[PDB]
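Shown next: coords26.pdb, containing PDB, C-alpha atoms and all ligand atoms.
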ATOM      1  CA  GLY T   1      33.591  11.326 -46.875  1.00  0.00           C
ATOM      2  CA  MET T   2      36.700  13.421 -46.307  1.00  0.00           C
ATOM      3  CA  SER T   3      37.549  15.445 -49.413  1.00  0.00           C
ATOM      4  CA  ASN T   4      40.589  14.128 -51.284  1.00  0.00           C
ATOM      5  CA  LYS T   5      41.799  17.740 -51.241  1.00  0.00           C
ATOM      6  CA  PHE T   6      42.948  17.067 -47.646  1.00  0.00           C
ATOM      7  CA  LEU T   7      45.354  14.401 -48.922  1.00  0.00           C
ATOM      8  CA  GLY T   8      49.025  15.298 -49.110  1.00  0.00           C
ATOM      9  CA  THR T   9      51.797  17.181 -47.357  1.00  0.00           C
ATOM     10  CA  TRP T  10      51.152  20.502 -45.593  1.00  0.00           C
ATOM     11  CA  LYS T  11      53.619  23.013 -44.132  1.00  0.00           C
ATOM     12  CA  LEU T  12      52.868  25.381 -41.237  1.00  0.00           C
ATOM     13  CA  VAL T  13      52.912  29.008 -42.452  1.00  0.00           C
ATOM     14  CA  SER T  14      51.171  30.817 -39.591  1.00  0.00           C
ATOM     15  CA  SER T  15      50.395  30.240 -35.936  1.00  0.00           C
ATOM     16  CA  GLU T  16      48.275  32.567 -33.790  1.00  0.00           C
ATOM     17  CA  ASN T  17      47.760  32.141 -30.023  1.00  0.00           C
ATOM     18  CA  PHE T  18      49.570  28.780 -29.860  1.00  0.00           C
ATOM     19  CA  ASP T  19      51.351  29.730 -26.614  1.00  0.00           C
ATOM     20  CA  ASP T  20      48.106  30.294 -24.690  1.00  0.00           C
ATOM     21  CA  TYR T  21      46.628  27.139 -26.232  1.00  0.00           C
ATOM     22  CA  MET T  22      49.646  25.143 -24.958  1.00  0.00           C
ATOM     23  CA  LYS T  23      49.284  26.790 -21.535  1.00  0.00           C
ATOM     24  CA  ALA T  24      45.641  25.713 -21.410  1.00  0.00           C
ATOM     25  CA  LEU T  25      46.810  22.138 -22.090  1.00  0.00           C
ATOM     26  CA  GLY T  26      49.224  22.292 -19.136  1.00  0.00           C
ATOM     27  CA  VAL T  27      52.382  22.393 -21.268  1.00  0.00           C
ATOM     28  CA  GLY T  28      55.427  23.619 -19.341  1.00  0.00           C
ATOM     29  CA  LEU T  29      57.603  26.629 -20.200  1.00  0.00           C
ATOM     30  CA  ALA T  30      60.604  24.951 -21.851  1.00  0.00           C
ATOM     31  CA  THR T  31      58.311  22.789 -23.980  1.00  0.00           C
ATOM     32  CA  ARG T  32      56.213  25.807 -25.053  1.00  0.00           C
ATOM     33  CA  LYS T  33      59.355  27.633 -26.159  1.00  0.00           C
ATOM     34  CA  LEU T  34      60.225  24.807 -28.538  1.00  0.00           C
ATOM     35  CA  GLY T  35      56.581  24.391 -29.520  1.00  0.00           C
ATOM     36  CA  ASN T  36      56.362  28.061 -30.531  1.00  0.00           C
ATOM     37  CA  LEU T  37      59.542  27.744 -32.611  1.00  0.00           C
ATOM     38  CA  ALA T  38      58.396  24.580 -34.417  1.00  0.00           C
ATOM     39  CA  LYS T  39      57.201  24.708 -38.027  1.00  0.00           C
ATOM     40  CA  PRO T  40      55.785  21.225 -38.524  1.00  0.00           C
ATOM     41  CA  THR T  41      54.880  19.374 -41.670  1.00  0.00           C
ATOM     42  CA  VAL T  42      51.526  17.573 -41.537  1.00  0.00           C
ATOM     43  CA  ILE T  43      50.909  14.612 -43.844  1.00  0.00           C
ATOM     44  CA  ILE T  44      47.399  13.373 -44.450  1.00  0.00           C
ATOM     45  CA  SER T  45      46.866  10.028 -46.182  1.00  0.00           C
ATOM     46  CA  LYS T  46      44.251   7.286 -46.447  1.00  0.00           C
ATOM     47  CA  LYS T  47      44.142   3.499 -46.949  1.00  0.00           C
ATOM     48  CA  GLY T  48      40.606   2.248 -47.454  1.00  0.00           C
ATOM     49  CA  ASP T  49      38.568   3.930 -44.723  1.00  0.00           C
ATOM     50  CA  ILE T  50      41.557   4.434 -42.404  1.00  0.00           C
ATOM     51  CA  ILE T  51      42.758   8.031 -42.372  1.00  0.00           C
ATOM     52  CA  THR T  52      46.255   8.869 -41.108  1.00  0.00           C
ATOM     53  CA  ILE T  53      47.468  12.256 -39.897  1.00  0.00           C
ATOM     54  CA  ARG T  54      51.208  12.409 -39.341  1.00  0.00           C
ATOM     55  CA  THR T  55      53.013  15.418 -37.882  1.00  0.00           C
ATOM     56  CA  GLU T  56      56.778  15.874 -38.281  1.00  0.00           C
ATOM     57  CA  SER T  57      58.951  18.458 -36.538  1.00  0.00           C
ATOM     58  CA  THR T  58      62.495  18.606 -35.212  1.00  0.00           C
ATOM     59  CA  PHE T  59      61.090  18.554 -31.661  1.00  0.00           C
ATOM     60  CA  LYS T  60      58.292  15.952 -31.824  1.00  0.00           C
ATOM     61  CA  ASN T  61      56.659  13.610 -34.352  1.00  0.00           C
ATOM     62  CA  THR T  62      53.119  12.298 -33.895  1.00  0.00           C
ATOM     63  CA  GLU T  63      50.814  10.017 -35.827  1.00  0.00           C
ATOM     64  CA  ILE T  64      47.164   9.024 -35.586  1.00  0.00           C
ATOM     65  CA  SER T  65      45.207   6.550 -37.680  1.00  0.00           C
ATOM     66  CA  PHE T  66      41.449   6.383 -37.350  1.00  0.00           C
ATOM     67  CA  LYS T  67      38.078   5.718 -38.936  1.00  0.00           C
ATOM     68  CA  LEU T  68      35.568   8.564 -38.905  1.00  0.00           C
ATOM     69  CA  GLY T  69      33.265   8.417 -35.889  1.00  0.00           C
ATOM     70  CA  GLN T  70      35.085   5.612 -34.024  1.00  0.00           C
ATOM     71  CA  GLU T  71      36.854   6.443 -30.792  1.00  0.00           C
ATOM     72  CA  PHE T  72      40.572   5.580 -30.678  1.00  0.00           C
ATOM     73  CA  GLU T  73      43.567   5.850 -28.327  1.00  0.00           C
ATOM     74  CA  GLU T  74      45.864   8.793 -29.057  1.00  0.00           C
ATOM     75  CA  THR T  75      49.217  10.010 -27.749  1.00  0.00           C
ATOM     76  CA  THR T  76      49.592  13.752 -28.345  1.00  0.00           C
ATOM     77  CA  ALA T  77      52.748  15.788 -29.050  1.00  0.00           C
ATOM     78  CA  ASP T  78      52.882  16.871 -25.377  1.00  0.00           C
ATOM     79  CA  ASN T  79      52.478  13.233 -24.301  1.00  0.00           C
ATOM     80  CA  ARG T  80      48.824  13.273 -23.198  1.00  0.00           C
ATOM     81  CA  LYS T  81      47.060   9.906 -23.464  1.00  0.00           C
ATOM     82  CA  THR T  82      43.612  10.734 -24.797  1.00  0.00           C
ATOM     83  CA  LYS T  83      40.545   9.029 -26.175  1.00  0.00           C
ATOM     84  CA  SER T  84      39.725  10.786 -29.419  1.00  0.00           C
ATOM     85  CA  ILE T  85      37.120  10.847 -32.169  1.00  0.00           C
ATOM     86  CA  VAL T  86      37.360  12.499 -35.589  1.00  0.00           C
ATOM     87  CA  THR T  87      34.098  13.563 -37.254  1.00  0.00           C
ATOM     88  CA  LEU T  88      33.139  15.323 -40.491  1.00  0.00           C
ATOM     89  CA  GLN T  89      30.873  18.383 -40.402  1.00  0.00           C
ATOM     90  CA  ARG T  90      30.307  20.544 -43.477  1.00  0.00           C
ATOM     91  CA  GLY T  91      33.655  19.549 -44.958  1.00  0.00           C
ATOM     92  CA  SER T  92      35.563  20.191 -41.722  1.00  0.00           C
ATOM     93  CA  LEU T  93      37.583  17.391 -40.088  1.00  0.00           C
ATOM     94  CA  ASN T  94      36.870  17.741 -36.383  1.00  0.00           C
ATOM     95  CA  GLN T  95      39.023  16.017 -33.776  1.00  0.00           C
ATOM     96  CA  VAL T  96      37.991  15.893 -30.119  1.00  0.00           C
ATOM     97  CA  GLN T  97      40.461  14.663 -27.496  1.00  0.00           C
ATOM     98  CA  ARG T  98      39.336  13.630 -24.016  1.00  0.00           C
ATOM     99  CA  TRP T  99      41.523  12.916 -20.984  1.00  0.00           C
ATOM    100  CA  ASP T 100      41.351  13.382 -17.193  1.00  0.00           C
ATOM    101  CA  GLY T 101      37.874  14.858 -17.545  1.00  0.00           C
ATOM    102  CA  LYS T 102      39.205  17.565 -19.884  1.00  0.00           C
ATOM    103  CA  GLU T 103      38.522  18.137 -23.559  1.00  0.00           C
ATOM    104  CA  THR T 104      40.061  19.981 -26.510  1.00  0.00           C
ATOM    105  CA  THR T 105      39.061  20.209 -30.164  1.00  0.00           C
ATOM    106  CA  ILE T 106      41.094  20.590 -33.338  1.00  0.00           C
ATOM    107  CA  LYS T 107      39.053  21.464 -36.411  1.00  0.00           C
ATOM    108  CA  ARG T 108      40.796  21.287 -39.757  1.00  0.00           C
ATOM    109  CA  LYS T 109      39.161  22.805 -42.848  1.00  0.00           C
ATOM    110  CA  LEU T 110      40.172  23.875 -46.341  1.00  0.00           C
ATOM    111  CA  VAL T 111      40.070  27.592 -47.121  1.00  0.00           C
ATOM    112  CA  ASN T 112      41.163  28.757 -50.568  1.00  0.00           C
ATOM    113  CA  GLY T 113      43.522  25.798 -50.871  1.00  0.00           C
ATOM    114  CA  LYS T 114      45.082  26.339 -47.432  1.00  0.00           C
ATOM    115  CA  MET T 115      44.384  24.071 -44.469  1.00  0.00           C
ATOM    116  CA  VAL T 116      43.313  25.933 -41.343  1.00  0.00           C
ATOM    117  CA  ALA T 117      43.486  24.265 -37.959  1.00  0.00           C
ATOM    118  CA  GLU T 118      41.462  25.826 -35.151  1.00  0.00           C
ATOM    119  CA  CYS T 119      42.537  24.565 -31.730  1.00  0.00           C
ATOM    120  CA  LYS T 120      40.205  25.211 -28.806  1.00  0.00           C
ATOM    121  CA  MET T 121      40.608  24.592 -25.082  1.00  0.00           C
ATOM    122  CA  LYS T 122      38.587  26.305 -22.323  1.00  0.00           C
ATOM    123  CA  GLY T 123      37.752  29.422 -24.339  1.00  0.00           C
ATOM    124  CA  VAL T 124      41.300  29.769 -25.682  1.00  0.00           C
ATOM    125  CA  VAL T 125      41.377  29.591 -29.490  1.00  0.00           C
ATOM    126  CA  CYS T 126      44.492  29.083 -31.593  1.00  0.00           C
ATOM    127  CA  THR T 127      44.592  29.250 -35.399  1.00  0.00           C
ATOM    128  CA  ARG T 128      47.307  27.554 -37.461  1.00  0.00           C
ATOM    129  CA  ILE T 129      47.464  27.865 -41.246  1.00  0.00           C
ATOM    130  CA  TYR T 130      49.175  25.357 -43.548  1.00  0.00           C
ATOM    131  CA  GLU T 131      50.125  25.573 -47.219  1.00  0.00           C
ATOM    132  CA  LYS T 132      50.155  22.579 -49.549  1.00  0.00           C
ATOM    133  CA  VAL T 133      53.655  21.443 -50.509  1.00  0.00           C
TER
HETATM  134  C1  LIG Y   1      54.528  19.265 -33.259  1.00  0.00           C
HETATM  135  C2  LIG Y   1      53.627  20.407 -32.802  1.00  0.00           C
HETATM  136  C3  LIG Y   1      54.349  21.321 -31.816  1.00  0.00           C
HETATM  137  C4  LIG Y   1      55.306  20.568 -30.897  1.00  0.00           C
HETATM  138  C5  LIG Y   1      55.138  20.996 -29.437  1.00  0.00           C
HETATM  139  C6  LIG Y   1      54.519  19.864 -28.625  1.00  0.00           C
HETATM  140  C7  LIG Y   1      53.799  20.310 -27.356  1.00  0.00           C
HETATM  141  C8  LIG Y   1      52.558  21.179 -27.552  1.00  0.00           C
HETATM  142  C9  LIG Y   1      51.714  20.861 -28.793  1.00  0.00           C
HETATM  143  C10 LIG Y   1      50.441  20.094 -28.457  1.00  0.00           C
HETATM  144  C11 LIG Y   1      49.268  20.415 -29.383  1.00  0.00           C
HETATM  145  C12 LIG Y   1      49.559  20.301 -30.881  1.00  0.00           C
HETATM  146  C13 LIG Y   1      48.376  20.809 -31.706  1.00  0.00           C
HETATM  147  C14 LIG Y   1      48.724  20.924 -33.187  1.00  0.00           C
HETATM  148  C15 LIG Y   1      47.518  21.258 -34.065  1.00  0.00           C
HETATM  149  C16 LIG Y   1      47.940  21.291 -35.521  1.00  0.00           C
HETATM  150  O1  LIG Y   1      47.940  20.245 -36.206  1.00  0.00           O
HETATM  151  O2  LIG Y   1      48.308  22.350 -36.073  1.00  0.00           O
HETATM  152 CL    CL Y   2      60.234  22.086 -37.022  1.00  0.00          CL
END
Take the structure in this file and express it as structure tokens.
Amino acid sequence: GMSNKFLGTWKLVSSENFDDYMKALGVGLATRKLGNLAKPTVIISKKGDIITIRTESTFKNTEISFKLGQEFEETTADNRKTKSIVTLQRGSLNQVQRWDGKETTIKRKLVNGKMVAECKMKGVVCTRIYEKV
């Protein structure tokens, strides 16, 4: 299952190409400005086989709870209503979000103790790096 090393509180330390990723998602200008300024904390926890990923920032908080491989309803930080599935591939926690015939993926993996989130939409790729608090 998901490595226990994912469990805990993570702080954003680096964000590359987030503005173009937000553009690809249809996020408007004023929202992108705040999005690019945000330095969220991400908290990963687990109760039995239910995994929870909570994001906290001054601008927006989000939270998803899910079982691996089972599709669930999600509300994203930019207020999309998606149907999502989180899978595990070679240690990586891979989230796919589907809405209005569109799709984006967020793959989270551990690299030398950091958590790296790769966000992909229509050929645009954003990389966000988190450090364990
Ligand atoms: C709380 C994150 C930024 C707030 C700005 C909200 C509007 C755009 C963000 C939508 C996509 C968020 C993807 C985050 C991926 C990650 O966990 O690093
Ligand atoms: Cl913030």
Once you count all atoms listed in the file, which residues end up no further than 12 Å from (48.3, 10.5, -23.1) in the file's frame, shown as a ChimeraX atom specification?
-> /T:25,62,72-84,97-100,102
Determine the residue set returned by the PyMOL selection byres (((not hetatm)) within 8 of (chain Y and resi 2)) for the present structure, and present it as a ChimeraX atom specification.
-> /T:37-41,56-59
Kindly export the residues of the current selection with C-alpha atoms, as a PDB file, keeping the file's coordinate frame.
ATOM      1  CA  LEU T  37      59.542  27.744 -32.611  1.00  0.00           C
ATOM      2  CA  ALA T  38      58.396  24.580 -34.417  1.00  0.00           C
ATOM      3  CA  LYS T  39      57.201  24.708 -38.027  1.00  0.00           C
ATOM      4  CA  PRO T  40      55.785  21.225 -38.524  1.00  0.00           C
ATOM      5  CA  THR T  41      54.880  19.374 -41.670  1.00  0.00           C
ATOM      6  CA  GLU T  56      56.778  15.874 -38.281  1.00  0.00           C
ATOM      7  CA  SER T  57      58.951  18.458 -36.538  1.00  0.00           C
ATOM      8  CA  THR T  58      62.495  18.606 -35.212  1.00  0.00           C
ATOM      9  CA  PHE T  59      61.090  18.554 -31.661  1.00  0.00           C
TER      10      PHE T  59
END
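For the pair atom CA of residue T:111 and atom CA of residue T:43, the interatomic distance is 17.2 Å.
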Which centre and which edge lengths, in Å to one decimal, describe the axis-aligned box that holds all listed atoms of stretch 112-131 of chain T after 3 Å is added on each side, as lines of an AutoDock Vina configuration file?
center_x = 43.9
center_y = 26.9
center_z = -36.6
size_x = 18.4
size_y = 11.7
size_z = 34.5
Expansion of the PyMOL selection byres (((chain T and resi 2) around 12) and not hetatm) into residues, as a ChimeraX atom specification = /T:1,3-7,44-46,48-52,67-68,86-94,108-110
Taking only C-alpha atoms and all ligand atoms into account, which of T:113, T:101, T:35, T:26 comes nearest ligand LIG 1 (chain Y)?
->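 Nearest to ligand LIG 1 (chain Y): T:35.
Across the structure, atom CA of residue T:115 and atom CA of residue T:32 are spaced 22.8 Å apart.
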Mind giving me the straight-line distance from atom CA of residue T:133 to atom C13 of ligand LIG 1 (chain Y) in Å, one decimal?
->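 Separation of atom CA of residue T:133 and atom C13 of ligand LIG 1 (chain Y): 19.5 Å.
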Written as a ChimeraX atom specification, what is the full residue list that the PyMOL selection byres (((chain T and resi 128) around 7) and not hetatm) yields on the file shown?
-> /T:14-16,116-118,126-127,129-130
Pick out the closest residue to residue T:24 from this set: T:61, T:36, T:104, T:95. Count only C-alpha atoms.
->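 Closest to residue T:24, using only C-alpha atoms: T:104.
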Using only C-alpha atoms and all ligand atoms, which residue out of T:54, T:23, T:132, T:60 lies closest to ligand LIG 1 (chain Y)?
->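 Once distances to ligand LIG 1 (chain Y) are computed over only C-alpha atoms and all ligand atoms, the minimum belongs to T:60.
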Among listed residues T:29, T:85, T:13, T:106, nearest ligand LIG 1 (chain Y) (using all atoms listed in the file) |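 Among the listed residues, the smallest separation from ligand LIG 1 (chain Y) belongs to T:106.
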Among the residues T:42, T:119, T:96, T:131, the one that comes closest to residue T:19 [using all atoms listed in the file] = T:119
Proximity to ligand LIG 1 (chain Y) - best of T:124, T:65, T:105, T:70, only C-alpha atoms and all ligand atoms =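 Result for the nearest residue to ligand LIG 1 (chain Y): T:105.
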